Amino acid sequence: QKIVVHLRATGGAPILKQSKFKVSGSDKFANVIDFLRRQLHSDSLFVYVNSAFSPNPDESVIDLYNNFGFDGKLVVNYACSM
Amino acid sequence: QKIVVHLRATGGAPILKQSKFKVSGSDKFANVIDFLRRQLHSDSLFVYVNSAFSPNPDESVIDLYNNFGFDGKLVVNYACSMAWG
Amino acid sequence: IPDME
C-alpha cells in the first residue's frame with residue numbers, strides 16, 4: 001500500500017527538514033503538492049518528474065532543439081532493447 | 001541556428017566511433033535516426049529525448065509510480081523559480 | 001521510517 005516519495009530540491013528552492021515520507025498510493029497527487037506548499041510557503045512552485053519522449057521522425061530538428069535543446073546542442077539517446 | 005546532436009547509447013546499445021553530428025535545424029528528425037542506423041546496422045532502435053513532466057493533480061499516486069517510479073520509490077523534483085530556456 | 005500525513 002505504501003510508496004516512498006523522495007522530495008529533491010532543485011534550482012535554488014529551499015531544502016526540507018524531512019526529504020522522504022511513505023504515502024498510500026491511492027491518494028491524488030494534489031496531496032503531495034499541497035504538502036510541499038505547506039512546508040515551503042513559496043508563491044511559485046514547479047513540481048516535475050523525469051520522463052522519456054520519443055519524437056515523430058517527421059519533426060524538424062529545430063523545433064526539437066527549441067523544446068529540449070540548450071547552447072546549440074541537443075542530447076538524443078538511442079537503445080536497441082527496452 | 002545549426003545544431004550539434006549528441007548520441008548517448010542507453011540500455012546496452014552499441015558504441016559509435018563518433019557520437020556527434022552537426023545538422024541544419026530545418027532537417028527532419030528522421031535524418032538523425034537514419035544516421036544512427038547507417039552506423040549501427042541494427043534492426044531494433046529506440047530514439048528519444050528525456051524531458052521533464054508535470055503530472056496532473058488528478059492522477060493516482062500508484063499510476064504515477066508505475067510509470068515514473070522504481071524500487072518502491074518515487075522521486076519528485078520541485079523548484080520555486082526557473083532559469084530561462 | 002518516515003510517514004507523510
# chains A, B, ... in the order shown; residues from 1 in each chain; ligands from 1
>>> residues_around(residues="residue B:53", least_positions_apart="4", cutoff="7 Å", atoms="only C-alpha atoms", output="ChimeraX atom specification")
/A:48-51
>>> closest_atom_pairs(of="chain A", to="chain C", cutoff="8 Å", atoms="only C-alpha atoms", output="CSV")
residue,atom,partner,partner_atom,distance
A:20,CA,C:2,CA,6.6
A:21,CA,C:2,CA,4.7
A:22,CA,C:3,CA,4.8
A:23,CA,C:4,CA,5.9
>>> write_last_selection(atoms="C-alpha atoms", output="PDB file, in the first residue's frame")
ATOM      1  CA  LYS A  20      11.254  11.474   2.351  1.00  0.00           C
ATOM      2  CA  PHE A  21       7.944  10.028   3.533  1.00  0.00           C
ATOM      3  CA  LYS A  22       5.873   6.883   2.881  1.00  0.00           C
ATOM      4  CA  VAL A  23       2.459   7.554   1.329  1.00  0.00           C
TER       5      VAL A  23
END
>>> residues_around(residues="residue B:76", least_positions_apart="4", cutoff="8 Å", atoms="only C-alpha atoms", output="list in words")
residues 5, 6, 7, 8, 47, 48 and 49 of chain A
>>> atom_distance(atom1="atom CA of residue A:78", atom2="atom CA of residue A:63")
19.1 Å
>>> select_by_dssp(residues="chain B", states="helix (DSSP H, G or I)", output="list in words")
residues 30, 31, 32, 33, 34, 35, 36, 37, 38, 39, 40, 61, 62, 63, 64, 65, 66, 67 and 68 of chain B
>>> residues_around(residues="stretch 10-19 of chain B", least_positions_apart="4", cutoff="9 Å", atoms="only C-alpha atoms", output="ChimeraX atom specification")
/A:77-82 /B:5-6,36,39-40,45
>>> atom_distance(atom1="atom CA of residue A:24", atom2="atom CA of residue B:77")
19.1 Å
>>> closest_residue(among="A:71, A:10, A:27, A:64", to="residue A:45", atoms="only C-alpha atoms")
A:10
>>> select_by_dssp(residues="chain B", states="strand (DSSP E)", output="number ranges by chain")
B: 2-9, 20-24, 46-53, 69-70, 73-79
>>> write_last_selection(atoms="N, CA, C and O atoms", output="compact mmCIF listing (two decimals), in the first residue's frame")
# COMPACT_ATOMS: atom_id res chain seq x y z
N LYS B 2 22.34 26.23 -36.61
CA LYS B 2 22.70 24.80 -36.85
C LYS B 2 23.08 24.16 -35.51
O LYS B 2 23.63 24.82 -34.59
N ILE B 3 22.61 22.93 -35.32
CA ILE B 3 22.56 22.25 -34.03
C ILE B 3 23.48 21.03 -34.08
O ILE B 3 23.53 20.34 -35.07
N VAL B 4 24.21 20.82 -32.98
CA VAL B 4 25.02 19.60 -32.80
C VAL B 4 24.19 18.64 -31.95
O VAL B 4 23.72 18.99 -30.86
N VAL B 5 24.01 17.42 -32.46
CA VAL B 5 23.25 16.39 -31.79
C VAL B 5 24.22 15.35 -31.22
O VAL B 5 24.99 14.74 -31.95
N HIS B 6 24.19 15.19 -29.89
CA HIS B 6 24.97 14.19 -29.18
C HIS B 6 24.13 12.91 -29.03
O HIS B 6 23.00 12.99 -28.62
N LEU B 7 24.73 11.76 -29.38
CA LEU B 7 24.06 10.47 -29.37
C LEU B 7 24.58 9.62 -28.21
O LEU B 7 25.65 9.03 -28.29
N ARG B 8 23.76 9.53 -27.15
CA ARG B 8 24.07 8.72 -25.98
C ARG B 8 23.41 7.35 -26.15
O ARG B 8 22.18 7.23 -26.30
N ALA B 9 24.24 6.29 -26.12
CA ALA B 9 23.78 4.90 -26.12
C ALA B 9 23.32 4.51 -24.72
O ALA B 9 24.06 4.59 -23.78
N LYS B 20 28.67 12.43 -32.20
CA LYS B 20 28.06 13.72 -32.52
C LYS B 20 28.00 13.92 -34.05
O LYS B 20 28.88 13.46 -34.76
N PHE B 21 27.01 14.68 -34.49
CA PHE B 21 26.99 15.24 -35.83
C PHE B 21 26.22 16.57 -35.82
O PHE B 21 25.35 16.79 -34.99
N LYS B 22 26.67 17.48 -36.68
CA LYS B 22 26.07 18.80 -36.82
C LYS B 22 24.99 18.69 -37.90
O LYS B 22 25.20 18.03 -38.91
N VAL B 23 23.85 19.35 -37.68
CA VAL B 23 22.71 19.25 -38.56
C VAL B 23 22.02 20.62 -38.65
O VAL B 23 21.85 21.31 -37.65
N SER B 24 21.54 20.93 -39.86
CA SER B 24 20.64 22.04 -40.13
C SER B 24 19.35 21.85 -39.33
O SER B 24 18.75 20.80 -39.39
N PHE B 46 15.39 2.25 -30.60
CA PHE B 46 14.60 3.28 -29.94
C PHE B 46 15.40 4.58 -29.89
O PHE B 46 16.57 4.55 -29.56
N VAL B 47 14.76 5.71 -30.21
CA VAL B 47 15.40 7.02 -30.20
C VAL B 47 14.46 8.02 -29.52
O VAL B 47 13.36 8.27 -29.99
N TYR B 48 14.93 8.62 -28.44
CA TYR B 48 14.14 9.50 -27.62
C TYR B 48 15.03 10.58 -27.00
O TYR B 48 16.27 10.45 -26.94
N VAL B 49 14.36 11.64 -26.53
CA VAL B 49 14.98 12.72 -25.77
C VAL B 49 14.26 12.79 -24.43
O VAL B 49 13.03 12.58 -24.38
N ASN B 50 15.02 13.06 -23.37
CA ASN B 50 14.49 12.96 -22.00
C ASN B 50 14.19 14.40 -21.56
O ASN B 50 14.95 15.32 -21.75
N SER B 51 12.93 14.57 -21.16
CA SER B 51 12.25 15.79 -20.86
C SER B 51 11.62 15.71 -19.46
O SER B 51 11.52 14.63 -18.88
N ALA B 52 11.23 16.87 -18.94
CA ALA B 52 10.58 16.98 -17.64
C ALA B 52 9.06 17.10 -17.83
O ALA B 52 8.58 17.50 -18.88
N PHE B 53 8.33 16.61 -16.83
CA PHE B 53 6.92 16.20 -16.99
C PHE B 53 6.20 16.47 -15.67
O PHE B 53 6.59 15.96 -14.64
N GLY B 69 8.23 5.51 -11.41
CA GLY B 69 8.77 5.02 -10.14
C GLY B 69 9.73 3.85 -10.38
O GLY B 69 9.72 3.21 -11.46
N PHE B 70 10.53 3.54 -9.36
CA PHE B 70 11.41 2.38 -9.36
C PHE B 70 11.60 1.91 -7.92
O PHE B 70 11.57 2.73 -7.02
N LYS B 73 9.95 3.33 -4.87
CA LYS B 73 10.31 4.70 -4.61
C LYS B 73 9.86 5.55 -5.80
O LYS B 73 9.93 5.10 -6.95
N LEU B 74 9.42 6.77 -5.50
CA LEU B 74 9.08 7.78 -6.49
C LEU B 74 9.88 9.04 -6.17
O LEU B 74 9.84 9.53 -5.05
N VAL B 75 10.65 9.51 -7.15
CA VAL B 75 11.48 10.71 -6.99
C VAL B 75 10.75 11.87 -7.67
O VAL B 75 10.60 11.88 -8.89
N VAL B 76 10.31 12.85 -6.86
CA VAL B 76 9.68 14.05 -7.39
C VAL B 76 10.65 15.21 -7.16
O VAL B 76 11.10 15.42 -6.03
N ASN B 77 10.94 15.97 -8.22
CA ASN B 77 11.74 17.19 -8.09
C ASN B 77 10.79 18.39 -8.02
O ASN B 77 9.64 18.32 -8.49
N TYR B 78 11.28 19.46 -7.38
CA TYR B 78 10.50 20.66 -7.16
C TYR B 78 11.43 21.88 -7.16
O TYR B 78 12.54 21.81 -6.67
N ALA B 79 10.91 23.01 -7.69
CA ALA B 79 11.59 24.29 -7.64
C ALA B 79 10.60 25.43 -7.41
O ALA B 79 9.43 25.22 -7.42
>>> closest_residue(among="A:70, A:53, A:39, A:76", to="residue B:83", atoms="only C-alpha atoms")
A:70
>>> decode(residues="chain A", atoms="C-alpha atoms", output="PDB file, in the first residue's frame")
ATOM      1  CA  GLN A   1       0.000   0.000   0.000  1.00  0.00           C
ATOM      2  CA  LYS A   2       2.922   2.384   0.729  1.00  0.00           C
ATOM      3  CA  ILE A   3       5.239   4.030  -1.817  1.00  0.00           C
ATOM      4  CA  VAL A   4       8.227   6.108  -0.634  1.00  0.00           C
ATOM      5  CA  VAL A   5       8.444   9.628  -2.082  1.00  0.00           C
ATOM      6  CA  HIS A   6      11.811  11.457  -2.155  1.00  0.00           C
ATOM      7  CA  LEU A   7      11.397  15.256  -2.474  1.00  0.00           C
ATOM      8  CA  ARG A   8      14.524  16.582  -4.233  1.00  0.00           C
ATOM      9  CA  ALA A   9      15.151  20.354  -4.065  1.00  0.00           C
ATOM     10  CA  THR A  10      16.380  21.796  -7.381  1.00  0.00           C
ATOM     11  CA  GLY A  11      17.238  25.215  -8.788  1.00  0.00           C
ATOM     12  CA  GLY A  12      17.541  27.347  -5.640  1.00  0.00           C
ATOM     13  CA  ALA A  13      14.361  26.012  -3.966  1.00  0.00           C
ATOM     14  CA  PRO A  14      14.756  25.513  -0.170  1.00  0.00           C
ATOM     15  CA  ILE A  15      15.858  22.141   1.278  1.00  0.00           C
ATOM     16  CA  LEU A  16      13.323  20.353   3.508  1.00  0.00           C
ATOM     17  CA  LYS A  17      13.897  19.112   7.074  1.00  0.00           C
ATOM     18  CA  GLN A  18      12.306  15.774   6.028  1.00  0.00           C
ATOM     19  CA  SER A  19      13.120  14.837   2.423  1.00  0.00           C
ATOM     20  CA  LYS A  20      11.254  11.474   2.351  1.00  0.00           C
ATOM     21  CA  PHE A  21       7.944  10.028   3.533  1.00  0.00           C
ATOM     22  CA  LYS A  22       5.873   6.883   2.881  1.00  0.00           C
ATOM     23  CA  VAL A  23       2.459   7.554   1.329  1.00  0.00           C
ATOM     24  CA  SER A  24      -0.522   5.341   0.433  1.00  0.00           C
ATOM     25  CA  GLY A  25      -0.720   5.110  -3.370  1.00  0.00           C
ATOM     26  CA  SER A  26      -4.477   5.737  -3.519  1.00  0.00           C
ATOM     27  CA  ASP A  27      -4.351   9.485  -2.729  1.00  0.00           C
ATOM     28  CA  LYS A  28      -4.315  12.019  -5.561  1.00  0.00           C
ATOM     29  CA  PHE A  29      -1.015  13.721  -6.375  1.00  0.00           C
ATOM     30  CA  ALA A  30      -2.506  17.094  -5.264  1.00  0.00           C
ATOM     31  CA  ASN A  31      -1.980  15.816  -1.677  1.00  0.00           C
ATOM     32  CA  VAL A  32       1.792  15.723  -2.312  1.00  0.00           C
ATOM     33  CA  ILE A  33       1.829  19.182  -3.954  1.00  0.00           C
ATOM     34  CA  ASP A  34      -0.281  20.803  -1.214  1.00  0.00           C
ATOM     35  CA  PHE A  35       2.037  19.213   1.374  1.00  0.00           C
ATOM     36  CA  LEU A  36       5.115  20.838  -0.266  1.00  0.00           C
ATOM     37  CA  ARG A  37       3.495  24.281  -0.348  1.00  0.00           C
ATOM     38  CA  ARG A  38       2.508  23.961   3.347  1.00  0.00           C
ATOM     39  CA  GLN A  39       6.198  23.380   4.230  1.00  0.00           C
ATOM     40  CA  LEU A  40       7.756  25.899   1.768  1.00  0.00           C
ATOM     41  CA  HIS A  41       5.360  28.913   1.997  1.00  0.00           C
ATOM     42  CA  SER A  42       6.559  29.914  -1.502  1.00  0.00           C
ATOM     43  CA  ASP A  43       4.257  31.612  -4.046  1.00  0.00           C
ATOM     44  CA  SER A  44       5.985  29.971  -7.033  1.00  0.00           C
ATOM     45  CA  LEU A  45       6.461  26.214  -7.133  1.00  0.00           C
ATOM     46  CA  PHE A  46       7.076  23.826 -10.057  1.00  0.00           C
ATOM     47  CA  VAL A  47       6.721  20.054  -9.445  1.00  0.00           C
ATOM     48  CA  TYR A  48       8.018  17.734 -12.140  1.00  0.00           C
ATOM     49  CA  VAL A  49       9.329  14.228 -12.800  1.00  0.00           C
ATOM     50  CA  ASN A  50      11.844  12.940 -15.366  1.00  0.00           C
ATOM     51  CA  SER A  51      10.368  11.229 -18.405  1.00  0.00           C
ATOM     52  CA  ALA A  52      11.393   9.888 -21.833  1.00  0.00           C
ATOM     53  CA  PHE A  53       9.980  11.371 -25.049  1.00  0.00           C
ATOM     54  CA  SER A  54      10.072   9.679 -28.475  1.00  0.00           C
ATOM     55  CA  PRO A  55       9.653  12.372 -31.198  1.00  0.00           C
ATOM     56  CA  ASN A  56       7.913  11.654 -34.532  1.00  0.00           C
ATOM     57  CA  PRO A  57      10.514  11.259 -37.346  1.00  0.00           C
ATOM     58  CA  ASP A  58       8.564  13.969 -39.263  1.00  0.00           C
ATOM     59  CA  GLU A  59       9.589  16.622 -36.690  1.00  0.00           C
ATOM     60  CA  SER A  60      12.097  19.329 -37.684  1.00  0.00           C
ATOM     61  CA  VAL A  61      15.383  19.224 -35.733  1.00  0.00           C
ATOM     62  CA  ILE A  62      14.971  22.966 -34.899  1.00  0.00           C
ATOM     63  CA  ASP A  63      11.537  22.520 -33.213  1.00  0.00           C
ATOM     64  CA  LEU A  64      13.081  19.735 -31.121  1.00  0.00           C
ATOM     65  CA  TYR A  65      16.065  21.928 -30.174  1.00  0.00           C
ATOM     66  CA  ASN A  66      13.707  24.791 -29.203  1.00  0.00           C
ATOM     67  CA  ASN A  67      11.877  22.459 -26.786  1.00  0.00           C
ATOM     68  CA  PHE A  68      14.673  20.171 -25.472  1.00  0.00           C
ATOM     69  CA  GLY A  69      17.873  21.968 -26.576  1.00  0.00           C
ATOM     70  CA  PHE A  70      20.397  24.333 -24.994  1.00  0.00           C
ATOM     71  CA  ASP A  71      23.619  26.125 -26.041  1.00  0.00           C
ATOM     72  CA  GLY A  72      23.199  24.965 -29.685  1.00  0.00           C
ATOM     73  CA  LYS A  73      23.164  21.342 -28.552  1.00  0.00           C
ATOM     74  CA  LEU A  74      20.578  18.592 -28.043  1.00  0.00           C
ATOM     75  CA  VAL A  75      21.372  15.247 -26.388  1.00  0.00           C
ATOM     76  CA  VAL A  76      19.494  12.447 -28.179  1.00  0.00           C
ATOM     77  CA  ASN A  77      19.546   8.950 -26.670  1.00  0.00           C
ATOM     78  CA  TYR A  78      19.131   5.646 -28.509  1.00  0.00           C
ATOM     79  CA  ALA A  79      18.646   1.998 -27.497  1.00  0.00           C
ATOM     80  CA  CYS A  80      18.217  -1.371 -29.232  1.00  0.00           C
ATOM     81  CA  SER A  81      16.227  -3.141 -26.488  1.00  0.00           C
ATOM     82  CA  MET A  82      13.905  -1.595 -23.830  1.00  0.00           C
TER      83      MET A  82
END
